[PDB]
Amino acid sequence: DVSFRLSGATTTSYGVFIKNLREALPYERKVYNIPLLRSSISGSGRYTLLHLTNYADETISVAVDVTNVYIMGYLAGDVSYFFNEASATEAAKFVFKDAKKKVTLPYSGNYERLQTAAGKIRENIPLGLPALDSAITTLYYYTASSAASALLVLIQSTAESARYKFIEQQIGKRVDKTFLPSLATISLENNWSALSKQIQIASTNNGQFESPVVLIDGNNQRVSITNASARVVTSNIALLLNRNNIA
C-alpha cells in the first residue's frame, strides 16, 4: 500500500507519493527502460491500496488494479464505493470485503462516462494539490452530485501522474492553488494505451512505430509520434500497459 497526506504536502512529497505508487506495481521487465506492467495477476495480488488523507485528517482508501492502474473504487470509513462495471464488480470480491455498506456508483470509471456524469470535461476541471484535497473530502462524505468530478480529479492525480512524468510535474507544482490541465496533458491521458502498444512494437522493429500516435503538444499544436526516440518515450511515459491487455 502507499499513502499521501495533504496536510504538509509539498511538490517533493507529491513526487515521493507518485514514485512509491509506481514502485508498488509489479512489472514483467522494462522496455526502453520503462516498466512494463503485468499481463495478468491472480486474485488479491491484482490490487493495491492508496491511502489518501485530506487537510482535515480524513482518509479514503482507493483500490487500484496493478496491471493497468485503473481505479476500481474506494473506502470511506465503513462504506465502500465501486464503479458500475465488470472490472470493479470483480475487484469487490477481493477488496473492502468487510465494509458494512457497499455502494455501486451510478457510472463506470470511463472518462466519457465520468465527464457526462460530472457535466464537465477534463479541460474545465481544476487539478493541483488543493483540488485533490477537495476531491478526497467530496468522496469521503459522498456528495453524490460532485462525486464524478472528484473521481476525475482523483484518477488524474494518481493513475495519470504515475503513467507520465509530465503530468506528475504539472500537478505537483500547484501546492497552494489549482490549474486547468492543458490539451497536451489530456492528450497524454487519452493515448496511454496507443503509446504503450507502439513502444512495445518499436522494441522489436528498430524503434519504429507500426502506427503513428497523434498528440497535442504544449503549444496546442498537433504532432505525430512515430518512434521510440521521441521525448514522450524517452523522457515522459513512466509505465507501459502490457500489449496483452490492449485490443
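Sequential numbering from 1, following the sequence displayed.
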| property | result |
| --- | --- |
| Residue stretch of maximal mean CA temperature factor, 135-143 vs 85-93 | 85-93 |
| Greater mean Cα temperature factor according to the PDB record, 41-49 or 179-187 | 41-49 |
| Candidate set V62, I216, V66, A56 [ranked by C-alpha B-factor, highest] | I216 |
| Chain-wide C-alpha B factor ranking for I225, given as lowest, middle or highest third | highest |
| Modelled-residue ranking by C-alpha temperature factor, third containing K165 | middle |
| For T11, the third of its chain into which the C-alpha B factor falls | middle |
| CA B-factor ranking of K120, expressed as a third of its chain | highest |
| Third of the chain's Cα B-factor distribution that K100 belongs to, per the entry | middle |
